[PDB]
Amino acid sequence: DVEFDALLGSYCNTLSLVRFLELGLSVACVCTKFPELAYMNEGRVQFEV
Amino acid sequence: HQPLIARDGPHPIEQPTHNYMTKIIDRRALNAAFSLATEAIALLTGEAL
Amino acid sequence: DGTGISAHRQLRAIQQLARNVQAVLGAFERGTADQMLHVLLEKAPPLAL
Amino acid sequence: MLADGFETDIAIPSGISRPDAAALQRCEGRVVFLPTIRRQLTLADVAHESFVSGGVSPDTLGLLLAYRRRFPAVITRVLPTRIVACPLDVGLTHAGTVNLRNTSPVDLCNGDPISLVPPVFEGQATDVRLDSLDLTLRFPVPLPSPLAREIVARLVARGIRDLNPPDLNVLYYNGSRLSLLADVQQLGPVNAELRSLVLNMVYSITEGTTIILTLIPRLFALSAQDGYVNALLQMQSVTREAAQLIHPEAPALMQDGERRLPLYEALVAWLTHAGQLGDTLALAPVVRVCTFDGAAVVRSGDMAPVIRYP
Amino acid sequence: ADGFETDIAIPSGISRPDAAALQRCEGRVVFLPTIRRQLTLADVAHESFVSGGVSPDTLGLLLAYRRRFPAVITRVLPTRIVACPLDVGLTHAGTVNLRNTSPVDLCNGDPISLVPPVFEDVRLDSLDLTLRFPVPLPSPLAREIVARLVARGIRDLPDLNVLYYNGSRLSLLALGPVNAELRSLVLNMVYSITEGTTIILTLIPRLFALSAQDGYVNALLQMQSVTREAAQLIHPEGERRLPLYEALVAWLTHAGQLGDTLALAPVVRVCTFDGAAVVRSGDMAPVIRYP
Amino acid sequence: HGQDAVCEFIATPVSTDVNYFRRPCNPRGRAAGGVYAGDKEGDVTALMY
Amino acid sequence: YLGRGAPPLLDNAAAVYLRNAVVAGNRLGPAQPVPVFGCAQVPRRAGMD
């Protein structure tokens with residue numbers, strides 16, 4: 001007598017790394033980096049009209 | 001492998017989830033009928049030659 | 001240990017970080033693209049008004 | 001509590017049918033009654049066979065007194081050789097958190113204390129069997145603490161009907177209709193429950209209580225004026241129909257009434273016996289729920305973070 | 001490190017008088033919905049406790065503080081309020097300073113429970129919310145001081161104001177709105193006790209009718225005993241029926257409801273080290289929870 | 001023409017609304033399961049009676 | 001009858017006679033009569049259409 005079980009293949013996903021600038025919704029904002037935001041207390045921007 | 005997006009509060013924080021699936025082979029067979037006749041054995045063997 | 005079994009187990013262990021790392025470090029660029037829609041919906045009024 | 005905590009180990013016998021091994025791995029978070037806080041025990045000590053009394057199989061109402069004589073503990077992780085659990089009366093972990101899987105029909109909310117009930121309800125009666133070791137495992141149902149005080153009150157009031165030759169089965173919570181499975185109750189443990197009642201019933205009656213009984217005509221007059229007082233009587237209390245017939249009045253004058261406060265002494269004796277009695281019948285609500293990533297509802301069939309309750 | 005710290009963010013728009021009161025409130029007890037890292041201040045305020053429509057009374061504040069989670073504020077940054085929860089964050093650190101809002105002094109080795117401000121206030125103008133801080137008074141007084149205020153309300157339908165702890169006077173009367181704020185607790189006392197003292201009096205139809213001081217003790221002792229003679233010492237065994245057995249269950253739940261309210265468990269014990277044993281009003285007291 | 005279909009006959013009251021029959025419905029007076037039933041041990045038969 | 005705010009009428013023979021005849025067997029009526037402080041509950045429907 002000869003018997004055996006088997007494994008056939010092993011399949012995975014690939015998580016798509018998505019840079020935000022790959023989108024063109026980033027036209028709608030000017031996205032600039034603070035290295036520090038949590039220590040700031042005053043968040044006012046001057047507008048000249 | 002499920003991708004994640006990051007939200008704020010107040011509704012809670014999610015962790016990365018993972019899934020591992022196992023599927024068993026479903027097994028079938030087929031059939032065919034070839035059947036010969038009475039004389040056709042001896043016409044191939046050489047009895048009636 | 002010095003065994004091949006123990007040294008193979010880190011490949012399961014270290015890559016368990018690298019799946020979770022590359023998911024969460026990819027979950028923040030999508031975290032922008034979530035809130036990017038949320039801020040605009042809080043600002044944009046409907047057409048008929 | 002130690003600096004590392006205290007973790008008991010329940011060893012598994014070697015004779016294992018492989019389907020019963022996978023049955024133990026589904027018991028990831030359950031509640032386990034230990035008789036002692038010994039460090040090493042067996043599955044025969046945990047299971048229902050040693051959990052019986054001498055010669056007599058206990059019923060559902062008699063199983064509550066068997067709980068408070070023992071030590072509730074929670075399985076942390078199922079190993080191939082043994083089962084590691086943490087006691088609850090002992091300080092539970094190094095970190096202060098345990099996962100508990102809901103084998104309960106009812107979802108959980110944050111902050112609510114958990115008491116635990118035997119398998120009582122219909123349909124969901126689920127007992128894990130270890131047929132290679134010929135063992136049976138009856139695991140308790142974690143429930144919110146006002147629900148457990150209802151179910152004990154439904155069972156104990158059912159047994160008082162049996163001493164008197166309708167109806168009391170149906171409960172409600174979150175709008176869910178649910179009844180409970182019970183056939184008979186042994187006359188032994190009902191007397192142990194009832195004697196625990198009436199001693200605590202009597203010990204609330206002090207001299208100030210008769211002064212409080214003179215305010216029965218005031219409440220039935222006050223329920224006319226405010227609907228919040230109408231939220232008391234509910235038409236099923238005695239005191240609505242008791243106020244319709246009896247007009248009591250105060251005794252006078254009390255002995256040494258200058259030096260003492262009779263209304264104050266009646267309340268403090270009431271708070272230590274009758275308001276205590278929710279602890280005396282069932283066991284204590286040792287555990288409440290504190291989700292960390294804030295989930296207001298812990299769904300039925302899921303784990304939950306767990307922190308002790310004083 | 002590994003110490004847990006909740007971070008409460010203040011919404012901007014604070015006027016210079018408003019931040020000074022929040023600068024002063026350093027060691028106080030503050031409740032919160034769920035243990036979490038970052039959290040708004042809107043869940044901290046007294047406005048977050050409402051059900052309507054209705055600002056919650058003394059009864060609801062006792063019910064809320066079981067579901068709410070106690071936390072003591074640490075140092076107060078102008079950016080955020082850093083507070084640690086008592087039930088999880090303190091088990092690693094061990095020592096937290098705590099200032100009394102109570103006028104009652106604290107001895108060493110005392111257990112302290114929390115009481116809503118019924119004994120007798122901070123409001124912010126610019127942020128449009130109120131703050132109510134509970135009173136950290138000792139737990140043996142806590143079962144007393146609550147029960148004294150209940151005893152006054154029964155008189156509304158000798159002096160109750162005398163409370164002398166560790167050589168000090170107290171005046172409960174000090175008035176108007178304190179009585180009506182407490183009215184809902186008074187009615188659930190009398191409805192619980194009178195429903196208690198009818199059902200026991202119906203199941204035992206002759207408790208009061210039994211003879212005084214000697215037969216009653218003989219009725220007590222056999223009921224007090226452990227022996228198997230239990231049920232035949234109790235029970236008295238168209239026309240309407242008194243729904244007694246249903247009135248059992250509704251009374252037991254209402255009595256079982258008030259057990260969680262009026263326990264006032266010892267959340268906090270104070271261990272004075274390198275200092276005076278007596279901790280007075282307006283003084284930071286060190287806190288050690290159960291290990 | 002084809003296979004001859006078989007009609008059924010179910011006793012019903014006279015004074016029901018005909019408007020119940022102008023939309024798709026059951027011949028039974030109550031909607032059956034088990035798609036309509038939720039997550040409870042009793043619901044499938046509880047919808048019935 | 002879920003509301004509990006308004007005062008009832010005087011005679012408990014009459015005030016209960018409405019409360020039985022309105023709640024039973026209404027859909028939205030309370031299952032167990034309303035608790036003294038808390039929010040009352042609406043019974044779980046066995047299935048949704």
# chains A, B, ... in the order shown; residues from 1 in each chain; ligands from 1

$ residues_around --residues "region 16-27 of chain A" --least-positions-apart "3" --cutoff "12 Å" --atoms "only C-alpha atoms" --output "list in words"
residues 13, 30, 31 and 32 of chain A; 1, 2, 3, 4 and 5 of chain B; 19, 21, 22, 23, 24, 25, 26, 27, 28, 29, 30, 31, 32, 33, 34, 35, 36, 37 and 40 of chain C

$ select_by_dssp --residues "chain F" --states "helix (DSSP H, G or I)" --output "ChimeraX atom specification"
/F:18-20,43-46

$ closest_atom_pairs --of "chain D" --to "chain B" --cutoff "12 Å" --atoms "only C-alpha atoms" --output "CSV"
residue,atom,partner,partner_atom,distance
D:291,CA,B:12,CA,9.6
D:292,CA,B:12,CA,8.4
D:293,CA,B:12,CA,4.9
D:294,CA,B:12,CA,4.9
D:295,CA,B:12,CA,6.4
D:296,CA,B:11,CA,9.0
D:297,CA,B:12,CA,11.5

$ interface_residues --of "chain D" --to "chain F" --cutoff "12 Å" --atoms "only C-alpha atoms" --output "PyMOL selection string"
chain D and resi 104-106+121-125+176-179+299-301

$ atom_distance --atom1 "CA of residue 101 (chain D)" --atom2 "CA of residue 86 (chain D)"
14.8 Å

$ closest_atom_pairs --of "chain A" --to "chain B" --cutoff "8 Å" --atoms "only C-alpha atoms" --output "JSON lines"
{"residue": "A:12", "atom": "CA", "partner": "B:1", "partner_atom": "CA", "distance": 7.7}
{"residue": "A:13", "atom": "CA", "partner": "B:1", "partner_atom": "CA", "distance": 6.0}
{"residue": "A:14", "atom": "CA", "partner": "B:1", "partner_atom": "CA", "distance": 7.6}
{"residue": "A:15", "atom": "CA", "partner": "B:3", "partner_atom": "CA", "distance": 6.5}

$ atom_distance --atom1 "CA of residue 150 (chain E)" --atom2 "CA of residue 284 (chain D)"
26.7 Å

$ atom_distance --atom1 "CA of residue 197 (chain E)" --atom2 "CA of residue 145 (chain D)"
25.0 Å

$ residues_around --residues "region 9-19 of chain G" --least-positions-apart "3" --cutoff "8 Å" --atoms "only C-alpha atoms" --output "VMD selection string"
(chain D and resid 224 235) or (chain G and resid 1 22 to 23)

$ closest_residue --among "E:54, E:207, E:34, E:100" --to "residue 68 (chain E)" --atoms "only C-alpha atoms"
E:34

$ residues_around --residues "residue 220 (chain D)" --least-positions-apart "3" --cutoff "10 Å" --atoms "only C-alpha atoms" --output "compact mmCIF listing (two decimals) with N, CA and C atoms, in the first residue's frame"
# COMPACT_ATOMS: atom_id res chain seq x y z
N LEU D 215 -44.18 57.07 55.78
CA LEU D 215 -44.07 57.83 54.55
C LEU D 215 -44.69 57.08 53.38
N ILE D 216 -45.22 55.88 53.64
CA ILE D 216 -46.00 55.17 52.62
C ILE D 216 -47.23 55.94 52.14
N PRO D 217 -48.04 56.60 53.00
CA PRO D 217 -49.07 57.49 52.46
C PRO D 217 -48.52 58.70 51.72
N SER D 223 -47.01 60.04 43.89
CA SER D 223 -47.07 59.42 42.57
C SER D 223 -48.20 59.97 41.72
N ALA D 224 -49.16 60.66 42.33
CA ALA D 224 -50.16 61.37 41.56
C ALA D 224 -49.54 62.57 40.84
N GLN D 225 -48.56 63.22 41.47
CA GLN D 225 -48.11 64.52 40.99
C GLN D 225 -46.93 64.42 40.03
N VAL D 229 -42.17 59.51 40.31
CA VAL D 229 -42.59 58.68 41.43
C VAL D 229 -43.44 57.52 40.92
N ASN D 230 -44.13 57.72 39.79
CA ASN D 230 -44.84 56.63 39.13
C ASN D 230 -43.89 55.58 38.56
N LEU D 233 -43.55 52.36 41.49
CA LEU D 233 -44.49 51.35 41.96
C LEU D 233 -44.71 50.24 40.94
N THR D 239 -46.34 47.74 47.64
CA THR D 239 -46.56 49.00 48.34
C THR D 239 -47.63 49.87 47.68
N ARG D 240 -47.91 49.66 46.40
CA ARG D 240 -49.05 50.36 45.80
C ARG D 240 -50.36 49.84 46.38
N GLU D 241 -50.54 48.52 46.41
CA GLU D 241 -51.74 47.97 47.01
C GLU D 241 -51.67 47.97 48.53
N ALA D 242 -50.47 48.06 49.12
CA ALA D 242 -50.39 48.17 50.57
C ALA D 242 -50.79 49.55 51.05
N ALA D 243 -50.51 50.58 50.25
CA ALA D 243 -50.90 51.93 50.63
C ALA D 243 -52.39 52.15 50.48
N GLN D 244 -53.04 51.36 49.62
CA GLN D 244 -54.48 51.53 49.41
C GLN D 244 -55.30 51.07 50.60
N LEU G 10 -55.49 59.57 38.48
CA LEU G 10 -55.49 59.18 39.89
C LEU G 10 -55.78 57.69 40.07

$ interface_residues --of "chain A" --to "chain E" --cutoff "10 Å" --atoms "only C-alpha atoms" --output "list in words"
residues 38, 39, 40, 41, 42 and 43 of chain A

$ residues_around --residues "residue 45 (chain E)" --least-positions-apart "5" --cutoff "9 Å" --atoms "only C-alpha atoms" --output "list in words"
residues 31, 129, 130, 131 and 132 of chain E

$ write_last_selection --atoms "N, CA and C atoms" --output "PDB file, in the first residue's frame"
ATOM      1  N   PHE E  31     -12.889  62.238  35.412  1.00  0.00           N
ATOM      2  CA  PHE E  31     -13.419  61.053  34.763  1.00  0.00           C
ATOM      3  C   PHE E  31     -13.346  61.187  33.246  1.00  0.00           C
ATOM      4  N   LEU E 129     -18.142  75.474  28.519  1.00  0.00           N
ATOM      5  CA  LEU E 129     -18.339  74.219  29.233  1.00  0.00           C
ATOM      6  C   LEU E 129     -18.102  74.463  30.715  1.00  0.00           C
ATOM      7  N   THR E 130     -18.532  73.504  31.529  1.00  0.00           N
ATOM      8  CA  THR E 130     -18.348  73.552  32.970  1.00  0.00           C
ATOM      9  C   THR E 130     -17.500  72.376  33.432  1.00  0.00           C
ATOM     10  N   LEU E 131     -16.892  72.536  34.601  1.00  0.00           N
ATOM     11  CA  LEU E 131     -16.119  71.472  35.221  1.00  0.00           C
ATOM     12  C   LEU E 131     -16.599  71.260  36.646  1.00  0.00           C
ATOM     13  N   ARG E 132     -16.871  70.003  36.984  1.00  0.00           N
ATOM     14  CA  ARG E 132     -17.215  69.618  38.343  1.00  0.00           C
ATOM     15  C   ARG E 132     -16.260  68.531  38.802  1.00  0.00           C
TER      16      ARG E 132
END

$ interface_residues --of "chain G" --to "chain F" --cutoff "10 Å" --atoms "only C-alpha atoms" --output "VMD selection string"
chain G and resid 45 to 49

$ write_last_selection --atoms "N, CA, C and O atoms" --output "mmCIF file, in the first residue's frame"
data_model
loop_
_atom_site.group_PDB
_atom_site.id
_atom_site.type_symbol
_atom_site.label_atom_id
_atom_site.label_comp_id
_atom_site.auth_asym_id
_atom_site.auth_seq_id
_atom_site.Cartn_x
_atom_site.Cartn_y
_atom_site.Cartn_z
ATOM 1 N N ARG G 45 -37.289 42.953 17.004
ATOM 2 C CA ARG G 45 -38.065 42.333 15.947
ATOM 3 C C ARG G 45 -37.306 41.126 15.424
ATOM 4 O O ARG G 45 -36.075 41.155 15.325
ATOM 5 N N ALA G 46 -38.038 40.061 15.095
ATOM 6 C CA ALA G 46 -37.382 38.818 14.711
ATOM 7 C C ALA G 46 -36.764 38.919 13.326
ATOM 8 O O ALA G 46 -35.793 38.217 13.021
ATOM 9 N N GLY G 47 -37.298 39.787 12.481
ATOM 10 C CA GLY G 47 -36.754 39.965 11.148
ATOM 11 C C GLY G 47 -37.143 41.300 10.567
ATOM 12 O O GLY G 47 -38.183 41.871 10.909
ATOM 13 N N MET G 48 -36.301 41.800 9.673
ATOM 14 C CA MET G 48 -36.500 43.104 9.066
ATOM 15 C C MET G 48 -36.740 42.956 7.573
ATOM 16 O O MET G 48 -36.131 42.106 6.917
ATOM 17 N N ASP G 49 -37.641 43.782 7.054
ATOM 18 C CA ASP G 49 -38.090 43.662 5.674
ATOM 19 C C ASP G 49 -37.302 44.554 4.725
ATOM 20 O O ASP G 49 -36.557 44.069 3.869
#

$ interface_residues --of "chain E" --to "chain G" --cutoff "9 Å" --atoms "only C-alpha atoms" --output "PyMOL selection string"
chain E and resi 60+188+254

$ interface_residues --of "chain D" --to "chain G" --cutoff "7 Å" --atoms "only C-alpha atoms" --output "number ranges by chain"
D: 172, 174-176, 224-228, 231-232

$ interface_residues --of "chain E" --to "chain D" --cutoff "8 Å" --atoms "only C-alpha atoms" --output "ChimeraX atom specification"
/E:34-36,66-69,87-88,91,143-144,147-148,151,154,157-158,187-188,190-191,193-200,223-224,230-231,237,242-250,252-253,255-259,262,265-267,291
